[PDB]
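Student: Sending over my_file_11.txt (compact mmCIF, N, CA and C atoms and all ligand atoms).
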# COMPACT_ATOMS: atom_id res chain seq x y z
N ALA A 16 35.77 62.03 -40.95
CA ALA A 16 36.90 61.02 -41.02
C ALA A 16 37.87 61.04 -39.81
N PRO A 17 37.35 60.93 -38.59
CA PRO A 17 38.32 60.93 -37.47
C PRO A 17 39.17 59.65 -37.44
N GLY A 18 40.43 59.77 -37.02
CA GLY A 18 41.38 58.64 -36.95
C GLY A 18 41.59 58.14 -35.54
N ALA A 19 40.84 58.64 -34.57
CA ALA A 19 41.04 58.29 -33.14
C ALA A 19 39.75 57.95 -32.44
N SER A 20 39.00 57.06 -33.03
CA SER A 20 37.63 56.86 -32.66
C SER A 20 37.45 55.51 -31.95
N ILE A 21 38.14 54.46 -32.39
CA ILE A 21 37.83 53.06 -32.02
C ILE A 21 39.14 52.46 -31.45
N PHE A 22 39.04 51.67 -30.39
CA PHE A 22 40.13 50.92 -29.88
C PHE A 22 39.94 49.43 -30.25
N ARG A 23 40.99 48.84 -30.85
CA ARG A 23 41.06 47.47 -31.23
C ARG A 23 42.13 46.73 -30.46
N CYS A 24 42.00 45.42 -30.35
CA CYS A 24 43.06 44.60 -29.80
C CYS A 24 44.34 44.78 -30.68
N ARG A 25 45.46 45.12 -30.04
CA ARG A 25 46.70 45.36 -30.77
C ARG A 25 47.24 44.08 -31.45
N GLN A 26 46.91 42.90 -30.93
CA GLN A 26 47.39 41.65 -31.46
C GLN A 26 46.60 41.07 -32.60
N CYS A 27 45.31 41.36 -32.70
CA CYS A 27 44.45 40.72 -33.71
C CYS A 27 43.46 41.62 -34.38
N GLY A 28 43.24 42.83 -33.87
CA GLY A 28 42.25 43.74 -34.43
C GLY A 28 40.81 43.65 -33.96
N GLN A 29 40.48 42.73 -33.08
CA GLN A 29 39.14 42.69 -32.49
C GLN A 29 38.68 44.06 -31.98
N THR A 30 37.49 44.50 -32.32
CA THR A 30 36.92 45.73 -31.79
C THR A 30 36.68 45.62 -30.28
N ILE A 31 37.21 46.55 -29.50
CA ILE A 31 37.15 46.50 -28.04
C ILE A 31 36.38 47.69 -27.39
N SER A 32 36.71 48.90 -27.73
CA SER A 32 36.03 50.03 -27.14
C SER A 32 36.18 51.27 -28.01
N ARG A 33 35.78 52.43 -27.47
CA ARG A 33 35.70 53.68 -28.23
C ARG A 33 36.17 54.79 -27.32
N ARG A 34 36.81 55.78 -27.91
CA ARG A 34 37.24 56.95 -27.17
C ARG A 34 36.06 57.66 -26.44
N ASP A 35 34.91 57.68 -27.08
CA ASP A 35 33.67 58.20 -26.47
C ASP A 35 33.28 57.55 -25.16
N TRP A 36 33.77 56.34 -24.91
CA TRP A 36 33.42 55.57 -23.71
C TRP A 36 34.48 55.68 -22.63
N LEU A 37 35.49 56.48 -22.86
CA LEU A 37 36.41 56.80 -21.75
C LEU A 37 35.73 57.35 -20.47
N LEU A 38 36.10 56.85 -19.31
CA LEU A 38 35.40 57.08 -18.04
C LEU A 38 36.43 57.68 -17.05
N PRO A 39 36.27 58.96 -16.66
CA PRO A 39 37.22 59.53 -15.69
C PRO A 39 36.96 59.14 -14.21
N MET A 40 37.38 57.98 -13.78
CA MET A 40 37.33 57.48 -12.40
C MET A 40 38.24 58.28 -11.47
N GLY A 41 37.72 58.80 -10.37
CA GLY A 41 38.48 59.71 -9.53
C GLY A 41 39.10 60.88 -10.27
N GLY A 42 38.45 61.38 -11.33
CA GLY A 42 38.94 62.56 -12.06
C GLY A 42 39.93 62.32 -13.18
N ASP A 43 40.26 61.06 -13.47
CA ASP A 43 41.23 60.78 -14.55
C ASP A 43 40.82 59.47 -15.22
N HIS A 44 40.77 59.44 -16.53
CA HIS A 44 40.55 58.20 -17.22
C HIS A 44 41.82 57.30 -17.21
N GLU A 45 42.99 57.88 -16.97
CA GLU A 45 44.25 57.14 -16.81
C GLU A 45 44.70 56.91 -15.36
N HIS A 46 45.01 55.65 -15.06
CA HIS A 46 45.43 55.20 -13.73
C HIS A 46 46.68 54.34 -13.86
N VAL A 47 47.76 54.75 -13.21
CA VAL A 47 49.00 54.01 -13.28
C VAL A 47 49.14 53.17 -12.02
N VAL A 48 49.29 51.89 -12.19
CA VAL A 48 49.15 50.90 -11.11
C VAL A 48 50.16 49.78 -11.27
N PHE A 49 50.42 49.03 -10.18
CA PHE A 49 51.30 47.92 -10.16
C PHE A 49 50.59 46.74 -9.54
N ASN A 50 50.84 45.55 -10.03
CA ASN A 50 50.34 44.32 -9.41
C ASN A 50 51.39 43.69 -8.44
N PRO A 51 51.02 42.59 -7.78
CA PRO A 51 51.94 42.03 -6.77
C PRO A 51 53.24 41.51 -7.36
N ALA A 52 53.27 41.16 -8.64
CA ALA A 52 54.46 40.76 -9.33
C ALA A 52 55.29 41.97 -9.75
N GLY A 53 54.85 43.18 -9.41
CA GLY A 53 55.56 44.39 -9.73
C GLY A 53 55.39 44.95 -11.11
N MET A 54 54.52 44.37 -11.94
CA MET A 54 54.27 44.88 -13.29
C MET A 54 53.54 46.20 -13.16
N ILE A 55 53.99 47.19 -13.92
CA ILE A 55 53.35 48.48 -14.01
C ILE A 55 52.41 48.49 -15.23
N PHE A 56 51.23 49.06 -15.04
CA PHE A 56 50.19 49.14 -16.12
C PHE A 56 49.71 50.58 -16.12
N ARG A 57 49.54 51.14 -17.33
CA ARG A 57 48.87 52.39 -17.52
C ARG A 57 47.49 51.93 -18.04
N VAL A 58 46.50 52.08 -17.17
CA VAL A 58 45.16 51.59 -17.34
C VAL A 58 44.27 52.77 -17.73
N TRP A 59 43.50 52.58 -18.81
CA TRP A 59 42.47 53.57 -19.20
C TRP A 59 41.11 52.93 -18.80
N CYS A 60 40.28 53.76 -18.15
CA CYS A 60 38.99 53.31 -17.67
C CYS A 60 37.96 53.63 -18.72
N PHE A 61 37.09 52.66 -19.00
CA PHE A 61 36.02 52.79 -19.98
C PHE A 61 34.72 52.36 -19.36
N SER A 62 33.64 53.09 -19.69
CA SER A 62 32.30 52.70 -19.23
C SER A 62 31.82 51.38 -19.80
N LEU A 63 32.24 51.06 -21.05
CA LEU A 63 31.76 49.95 -21.82
C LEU A 63 32.91 49.44 -22.65
N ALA A 64 32.81 48.19 -23.00
CA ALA A 64 33.72 47.54 -23.94
C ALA A 64 33.01 46.36 -24.47
N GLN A 65 33.53 45.81 -25.55
CA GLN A 65 32.95 44.63 -26.22
C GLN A 65 34.05 43.76 -26.69
N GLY A 66 33.76 42.59 -27.18
CA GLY A 66 34.79 41.75 -27.79
C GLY A 66 35.75 41.09 -26.82
N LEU A 67 35.46 41.13 -25.55
CA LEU A 67 36.28 40.58 -24.49
C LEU A 67 35.66 39.29 -24.06
N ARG A 68 36.41 38.56 -23.25
CA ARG A 68 35.92 37.41 -22.53
C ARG A 68 36.41 37.59 -21.12
N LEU A 69 35.43 37.60 -20.20
CA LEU A 69 35.67 37.81 -18.77
C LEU A 69 35.80 36.46 -18.12
N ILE A 70 36.89 36.21 -17.42
CA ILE A 70 37.26 34.91 -16.97
C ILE A 70 37.09 34.79 -15.45
N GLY A 71 36.37 33.73 -15.03
CA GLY A 71 36.27 33.43 -13.60
C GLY A 71 35.30 34.29 -12.84
N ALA A 72 35.34 34.17 -11.52
CA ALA A 72 34.45 34.91 -10.65
C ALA A 72 35.22 36.12 -10.08
N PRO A 73 34.48 37.18 -9.70
CA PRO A 73 35.14 38.39 -9.26
C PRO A 73 35.96 38.19 -8.01
N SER A 74 36.99 38.98 -7.84
CA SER A 74 37.80 38.98 -6.63
C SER A 74 38.04 40.40 -6.20
N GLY A 75 38.04 40.65 -4.91
CA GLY A 75 38.43 41.92 -4.36
C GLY A 75 39.89 42.04 -3.97
N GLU A 76 40.64 40.94 -4.05
CA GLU A 76 42.08 40.92 -3.65
C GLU A 76 42.91 41.92 -4.50
N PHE A 77 43.62 42.80 -3.84
CA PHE A 77 44.53 43.79 -4.47
C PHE A 77 43.85 44.78 -5.42
N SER A 78 42.53 44.98 -5.33
CA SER A 78 41.87 45.86 -6.24
C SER A 78 42.42 47.22 -6.19
N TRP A 79 42.73 47.75 -7.37
CA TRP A 79 43.19 49.09 -7.56
C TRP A 79 42.09 50.12 -7.40
N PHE A 80 40.82 49.70 -7.32
CA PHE A 80 39.74 50.68 -7.29
C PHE A 80 38.88 50.28 -6.13
N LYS A 81 38.86 51.15 -5.12
CA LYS A 81 38.20 50.83 -3.85
C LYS A 81 36.73 50.53 -4.03
N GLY A 82 36.30 49.41 -3.44
CA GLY A 82 34.93 48.95 -3.56
C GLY A 82 34.55 48.16 -4.77
N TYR A 83 35.51 47.82 -5.63
CA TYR A 83 35.26 47.01 -6.79
C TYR A 83 36.02 45.73 -6.76
N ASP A 84 35.37 44.70 -7.28
CA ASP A 84 35.92 43.41 -7.47
C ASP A 84 36.25 43.30 -8.95
N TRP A 85 37.27 42.53 -9.25
CA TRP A 85 37.77 42.42 -10.65
C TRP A 85 37.68 41.03 -11.19
N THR A 86 37.54 40.98 -12.52
CA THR A 86 37.71 39.73 -13.28
C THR A 86 38.66 40.08 -14.42
N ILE A 87 39.46 39.11 -14.79
CA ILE A 87 40.39 39.25 -15.93
C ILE A 87 39.59 39.36 -17.21
N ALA A 88 39.96 40.33 -18.06
CA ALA A 88 39.36 40.51 -19.36
C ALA A 88 40.41 40.19 -20.45
N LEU A 89 40.12 39.14 -21.20
CA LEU A 89 40.92 38.76 -22.33
C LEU A 89 40.24 39.21 -23.61
N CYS A 90 41.03 39.46 -24.64
CA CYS A 90 40.49 39.54 -26.01
C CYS A 90 39.72 38.27 -26.32
N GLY A 91 38.46 38.42 -26.73
CA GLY A 91 37.60 37.30 -26.98
C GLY A 91 37.97 36.56 -28.26
N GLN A 92 38.78 37.18 -29.09
CA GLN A 92 39.24 36.61 -30.34
C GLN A 92 40.55 35.84 -30.11
N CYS A 93 41.55 36.54 -29.62
CA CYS A 93 42.93 36.00 -29.58
C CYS A 93 43.47 35.57 -28.19
N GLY A 94 42.77 35.97 -27.14
CA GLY A 94 43.15 35.65 -25.79
C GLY A 94 44.17 36.58 -25.14
N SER A 95 44.60 37.64 -25.82
CA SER A 95 45.53 38.62 -25.25
C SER A 95 44.86 39.23 -23.97
N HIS A 96 45.65 39.32 -22.88
CA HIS A 96 45.15 39.91 -21.67
C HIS A 96 45.06 41.43 -21.84
N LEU A 97 43.85 42.00 -21.96
CA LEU A 97 43.67 43.38 -22.26
C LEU A 97 43.36 44.26 -21.05
N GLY A 98 42.95 43.65 -19.95
CA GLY A 98 42.74 44.35 -18.70
C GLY A 98 41.80 43.61 -17.78
N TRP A 99 40.90 44.35 -17.17
CA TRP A 99 40.00 43.78 -16.13
C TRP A 99 38.63 44.40 -16.26
N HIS A 100 37.61 43.66 -15.81
CA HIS A 100 36.31 44.22 -15.61
C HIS A 100 36.09 44.35 -14.12
N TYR A 101 35.57 45.51 -13.73
CA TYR A 101 35.33 45.82 -12.32
C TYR A 101 33.82 45.86 -12.09
N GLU A 102 33.41 45.32 -10.96
CA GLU A 102 32.02 45.26 -10.59
C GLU A 102 31.84 45.34 -9.09
N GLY A 103 30.57 45.36 -8.66
CA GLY A 103 30.28 45.40 -7.24
C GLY A 103 30.36 46.70 -6.48
N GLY A 104 30.65 47.80 -7.17
CA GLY A 104 30.86 49.09 -6.55
C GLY A 104 29.67 49.98 -6.72
N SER A 105 29.90 51.32 -6.62
CA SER A 105 28.80 52.32 -6.71
C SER A 105 29.24 53.50 -7.61
N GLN A 106 28.41 53.90 -8.56
CA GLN A 106 28.60 55.16 -9.31
C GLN A 106 29.97 55.24 -9.99
N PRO A 107 30.28 54.32 -10.92
CA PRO A 107 29.35 53.35 -11.48
C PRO A 107 29.44 52.00 -10.76
N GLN A 108 28.45 51.16 -10.95
CA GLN A 108 28.52 49.81 -10.43
C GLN A 108 29.64 48.98 -11.07
N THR A 109 29.85 49.17 -12.38
CA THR A 109 30.77 48.42 -13.17
C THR A 109 31.53 49.35 -14.16
N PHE A 110 32.72 48.89 -14.57
CA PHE A 110 33.50 49.58 -15.61
C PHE A 110 34.63 48.62 -16.03
N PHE A 111 35.37 49.05 -17.04
CA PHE A 111 36.49 48.28 -17.55
C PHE A 111 37.77 49.08 -17.34
N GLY A 112 38.81 48.37 -16.90
CA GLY A 112 40.16 49.00 -16.87
C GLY A 112 41.03 48.26 -17.83
N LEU A 113 41.33 48.90 -18.95
CA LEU A 113 42.04 48.25 -20.05
C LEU A 113 43.46 48.81 -20.17
N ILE A 114 44.40 47.96 -20.53
CA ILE A 114 45.81 48.32 -20.58
C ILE A 114 46.08 49.05 -21.93
N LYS A 115 46.38 50.33 -21.83
CA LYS A 115 46.42 51.23 -22.98
C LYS A 115 47.34 50.73 -24.09
N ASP A 116 48.54 50.29 -23.75
CA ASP A 116 49.50 49.84 -24.76
C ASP A 116 49.16 48.47 -25.41
N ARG A 117 48.11 47.81 -24.97
CA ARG A 117 47.64 46.60 -25.58
C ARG A 117 46.49 46.81 -26.56
N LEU A 118 46.12 48.06 -26.79
CA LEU A 118 45.06 48.47 -27.71
C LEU A 118 45.69 49.29 -28.83
N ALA A 119 45.09 49.27 -30.00
CA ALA A 119 45.42 50.17 -31.09
C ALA A 119 44.26 51.07 -31.39
N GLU A 120 44.50 52.38 -31.52
CA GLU A 120 43.46 53.33 -31.73
C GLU A 120 43.41 53.75 -33.20
N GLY A 121 42.22 53.89 -33.75
CA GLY A 121 42.09 54.15 -35.17
C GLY A 121 40.66 54.58 -35.56
N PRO A 122 40.45 54.78 -36.84
CA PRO A 122 39.21 55.26 -37.33
C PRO A 122 38.11 54.23 -37.25
N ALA A 123 36.88 54.73 -37.24
CA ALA A 123 35.67 54.01 -36.87
C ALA A 123 35.23 52.77 -37.66
N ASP A 124 35.45 52.71 -38.96
CA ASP A 124 34.79 51.63 -39.77
C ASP A 124 33.23 51.51 -39.55
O1 LIG A 201 42.79 45.53 -9.61
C1 LIG A 201 43.62 44.65 -9.77
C2 LIG A 201 43.45 43.78 -10.98
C3 LIG A 201 44.17 42.51 -10.73
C4 LIG A 201 45.62 42.88 -10.57
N1 LIG A 201 46.30 41.64 -10.42
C5 LIG A 201 47.16 41.13 -11.27
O2 LIG A 201 47.47 41.80 -12.25
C6 LIG A 201 47.72 39.82 -10.82
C7 LIG A 201 48.61 38.88 -11.34
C8 LIG A 201 48.86 37.73 -10.56
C9 LIG A 201 48.19 37.53 -9.33
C10 LIG A 201 47.31 38.48 -8.81
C11 LIG A 201 47.08 39.63 -9.59
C12 LIG A 201 46.27 40.73 -9.43
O3 LIG A 201 45.44 41.01 -8.29
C13 LIG A 201 45.80 43.73 -9.36
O4 LIG A 201 46.82 43.61 -8.75
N2 LIG A 201 44.77 44.55 -9.04
CL CL A 202 52.25 46.08 -21.23
ZN ZN A 203 43.08 40.07 -29.77
Show me, as structure tokens, the structure contained in the file I just sent.
Ligand SMILES: O=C1CC[C@H](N2C(=O)c3ccccc3C2=O)C(=O)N1
Ligand SMILES: [Cl-]
Ligand SMILES: [Zn+2]

Tutor:
Amino acid sequence: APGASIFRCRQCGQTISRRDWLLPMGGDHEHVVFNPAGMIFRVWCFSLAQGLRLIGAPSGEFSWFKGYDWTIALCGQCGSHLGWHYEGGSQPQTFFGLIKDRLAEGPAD
């Protein structure tokens, strides 16, 4: 009966990822970053996620992760901006950077 197994969208409950899929990029699964508008994000990196909708074509502009291009990842249910999908890089080729405070963590179902 673990209570820290599954990450859901904090706004609607859509299943998004799992603690087991946490990915330590550059030695840490947590990355604190700012965008050009100055917003600060505490981003958790995951190997896999589901329940998202990836919007548009990838861009390398302002990428927080060297060698990766990003696409916006919205909750596929409610449209809440949950983070980004990264692609085009090496080891791994792709991963997800999701905004920790926009997810709710809980037991598996
Ligand atoms: O890796 C990334 C993900 C995208 C993120 N980003 C944003 O959060 C944003 C908002 C508005 C205009 C442009 C951007 C942008 O590049 C950013 O700054 N770096
Ligand atoms: Cl936030
Ligand atoms: Zn949602």

Student: Calculate how many Å separate CA of residue 99 in chain A from CA of residue 49 in chain A, rounding to one decimal.

Tutor: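 Atom-to-atom, CA of residue 99 in chain A to CA of residue 49 in chain A, that is 13.4 Å.
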
Student: Can you tell me which residues sit at most 12 Å away from ligand ZN 203 (chain A), counting only C-alpha atoms and all ligand atoms, written as an MDAnalysis selection string?

Tutor: chainID A and resid 22:31 65:68 88:98 117:119

Student: Would you give me, as a PyMOL selection string, the residues in chain A that DSSP reads as helix (DSSP H, G or I)?

Tutor: chain A and resi 34-36+115-117

Student: Which residue is closest to ligand CL 202 (chain A)? Choose from A:18, A:55, A:72, A:61 and count all atoms listed in the file.

Tutor: A:55

Student: Have a look at A:62, A:32, A:86, A:78 and name the one nearest to residue 111 in chain A; count only C-alpha atoms.

Tutor: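 Answer, going by the shortest atom-to-atom distance: A:62.
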
Student: Can you measure atom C7 of ligand LIG 201 (chain A) to CA of residue 121 in chain A for me? One decimal in Å is fine.

Tutor: 29.0 Å

Student: Which residues are near ligand CL 202 (chain A) in this structure, taking near to mean any atom at most 8 Å from a ligand atom and counting all atoms listed in the file? Format them as a count of residues only.

Tutor: 7

Student: Need to verify the contact set: residue 122 in chain A, 10 Å, only C-alpha atoms, exclusion of same-chain residues closer than 6 positions in sequence. Can you return it as number ranges by chain?

Tutor: A: 16-22, 33

Student: Padding 6 Å on each side, edges along x, y and z: where is the centre of the box around the listed atoms of range 42-47 of chain A, and how long are its edges in Å to one decimal? Output it as lines of an AutoDock Vina configuration file.

Tutor:
center_x = 43.8
center_y = 57.9
center_z = -14.3
size_x = 22.7
size_y = 21.4
size_z = 17.9

Student: Which protein, DNA or RNA residues have an atom within 9 Å of ligand LIG 201 (chain A), counting only C-alpha atoms and all ligand atoms, as a ChimeraX atom specification?

Tutor: /A:48-54,56,74-80,83-87,98-101,112

Student: Convert the current residue selection to file output with N, CA and C atoms, as a PDB file, in the frame of the given file.

Tutor:
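This is the output file out-v4.pdb:
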ATOM      1  N   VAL A  48      49.290  51.890 -12.190  1.00  0.00           N
ATOM      2  CA  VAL A  48      49.150  50.900 -11.110  1.00  0.00           C
ATOM      3  C   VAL A  48      50.160  49.780 -11.270  1.00  0.00           C
ATOM      4  N   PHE A  49      50.420  49.030 -10.180  1.00  0.00           N
ATOM      5  CA  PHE A  49      51.300  47.920 -10.160  1.00  0.00           C
ATOM      6  C   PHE A  49      50.590  46.740  -9.540  1.00  0.00           C
ATOM      7  N   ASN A  50      50.840  45.550 -10.030  1.00  0.00           N
ATOM      8  CA  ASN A  50      50.340  44.320  -9.410  1.00  0.00           C
ATOM      9  C   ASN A  50      51.390  43.690  -8.440  1.00  0.00           C
ATOM     10  N   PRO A  51      51.020  42.590  -7.780  1.00  0.00           N
ATOM     11  CA  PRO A  51      51.940  42.030  -6.770  1.00  0.00           C
ATOM     12  C   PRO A  51      53.240  41.510  -7.360  1.00  0.00           C
ATOM     13  N   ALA A  52      53.270  41.160  -8.640  1.00  0.00           N
ATOM     14  CA  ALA A  52      54.460  40.760  -9.330  1.00  0.00           C
ATOM     15  C   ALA A  52      55.290  41.970  -9.750  1.00  0.00           C
ATOM     16  N   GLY A  53      54.850  43.180  -9.410  1.00  0.00           N
ATOM     17  CA  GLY A  53      55.560  44.390  -9.730  1.00  0.00           C
ATOM     18  C   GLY A  53      55.390  44.950 -11.110  1.00  0.00           C
ATOM     19  N   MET A  54      54.520  44.370 -11.940  1.00  0.00           N
ATOM     20  CA  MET A  54      54.270  44.880 -13.290  1.00  0.00           C
ATOM     21  C   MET A  54      53.540  46.200 -13.160  1.00  0.00           C
ATOM     22  N   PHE A  56      51.230  49.060 -15.040  1.00  0.00           N
ATOM     23  CA  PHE A  56      50.190  49.140 -16.120  1.00  0.00           C
ATOM     24  C   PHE A  56      49.710  50.580 -16.120  1.00  0.00           C
ATOM     25  N   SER A  74      36.990  38.980  -7.840  1.00  0.00           N
ATOM     26  CA  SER A  74      37.800  38.980  -6.630  1.00  0.00           C
ATOM     27  C   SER A  74      38.040  40.400  -6.200  1.00  0.00           C
ATOM     28  N   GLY A  75      38.040  40.650  -4.910  1.00  0.00           N
ATOM     29  CA  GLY A  75      38.430  41.920  -4.360  1.00  0.00           C
ATOM     30  C   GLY A  75      39.890  42.040  -3.970  1.00  0.00           C
ATOM     31  N   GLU A  76      40.640  40.940  -4.050  1.00  0.00           N
ATOM     32  CA  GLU A  76      42.080  40.920  -3.650  1.00  0.00           C
ATOM     33  C   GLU A  76      42.910  41.920  -4.500  1.00  0.00           C
ATOM     34  N   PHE A  77      43.620  42.800  -3.840  1.00  0.00           N
ATOM     35  CA  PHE A  77      44.530  43.790  -4.470  1.00  0.00           C
ATOM     36  C   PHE A  77      43.850  44.780  -5.420  1.00  0.00           C
ATOM     37  N   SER A  78      42.530  44.980  -5.330  1.00  0.00           N
ATOM     38  CA  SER A  78      41.870  45.860  -6.240  1.00  0.00           C
ATOM     39  C   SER A  78      42.420  47.220  -6.190  1.00  0.00           C
ATOM     40  N   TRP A  79      42.730  47.750  -7.370  1.00  0.00           N
ATOM     41  CA  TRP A  79      43.190  49.090  -7.560  1.00  0.00           C
ATOM     42  C   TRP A  79      42.090  50.120  -7.400  1.00  0.00           C
ATOM     43  N   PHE A  80      40.820  49.700  -7.320  1.00  0.00           N
ATOM     44  CA  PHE A  80      39.740  50.680  -7.290  1.00  0.00           C
ATOM     45  C   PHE A  80      38.880  50.280  -6.130  1.00  0.00           C
ATOM     46  N   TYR A  83      35.510  47.820  -5.630  1.00  0.00           N
ATOM     47  CA  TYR A  83      35.260  47.010  -6.790  1.00  0.00           C
ATOM     48  C   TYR A  83      36.020  45.730  -6.760  1.00  0.00           C
ATOM     49  N   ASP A  84      35.370  44.700  -7.280  1.00  0.00           N
ATOM     50  CA  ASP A  84      35.920  43.410  -7.470  1.00  0.00           C
ATOM     51  C   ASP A  84      36.250  43.300  -8.950  1.00  0.00           C
ATOM     52  N   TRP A  85      37.270  42.530  -9.250  1.00  0.00           N
ATOM     53  CA  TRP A  85      37.770  42.420 -10.650  1.00  0.00           C
ATOM     54  C   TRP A  85      37.680  41.030 -11.190  1.00  0.00           C
ATOM     55  N   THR A  86      37.540  40.980 -12.520  1.00  0.00           N
ATOM     56  CA  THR A  86      37.710  39.730 -13.280  1.00  0.00           C
ATOM     57  C   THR A  86      38.660  40.080 -14.420  1.00  0.00           C
ATOM     58  N   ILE A  87      39.460  39.110 -14.790  1.00  0.00           N
ATOM     59  CA  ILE A  87      40.390  39.250 -15.930  1.00  0.00           C
ATOM     60  C   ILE A  87      39.590  39.360 -17.210  1.00  0.00           C
ATOM     61  N   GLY A  98      42.950  43.650 -19.950  1.00  0.00           N
ATOM     62  CA  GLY A  98      42.740  44.350 -18.700  1.00  0.00           C
ATOM     63  C   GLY A  98      41.800  43.610 -17.780  1.00  0.00           C
ATOM     64  N   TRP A  99      40.900  44.350 -17.170  1.00  0.00           N
ATOM     65  CA  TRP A  99      40.000  43.780 -16.130  1.00  0.00           C
ATOM     66  C   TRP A  99      38.630  44.400 -16.260  1.00  0.00           C
ATOM     67  N   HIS A 100      37.610  43.660 -15.810  1.00  0.00           N
ATOM     68  CA  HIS A 100      36.310  44.220 -15.610  1.00  0.00           C
ATOM     69  C   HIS A 100      36.090  44.350 -14.120  1.00  0.00           C
ATOM     70  N   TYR A 101      35.570  45.510 -13.730  1.00  0.00           N
ATOM     71  CA  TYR A 101      35.330  45.820 -12.320  1.00  0.00           C
ATOM     72  C   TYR A 101      33.820  45.860 -12.090  1.00  0.00           C
ATOM     73  N   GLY A 112      38.810  48.370 -16.900  1.00  0.00           N
ATOM     74  CA  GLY A 112      40.160  49.000 -16.870  1.00  0.00           C
ATOM     75  C   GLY A 112      41.030  48.260 -17.830  1.00  0.00           C
TER      76      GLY A 112
END

Student: One decimal, in Å: what's the spacing between CA of residue 38 in chain A and atom N of residue 105 in chain A?

Tutor: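 It comes out at 13.9 Å.
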
Student: May I ask which of the residues A:123, A:58, A:64, A:70 is the closest one to residue 46 in chain A, counting all atoms listed in the file?

Tutor: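 Smallest distance to residue 46 in chain A is found for A:58.
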
Student: What parts of chain A does DSSP call strand (DSSP E or B)? I'd like the answer as an MDAnalysis selection string.

Tutor: chainID A and resid 21:24 30:33 37 40 43 45:49 55:61 67:74 84:90 96:102 110:114 118:121

Student: With only C-alpha atoms as the atoms that count, which of A:102, A:108, A:73, A:59 lies nearest to residue 34 in chain A?

Tutor: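 Counting only C-alpha atoms, the residue closest to residue 34 in chain A is A:59.
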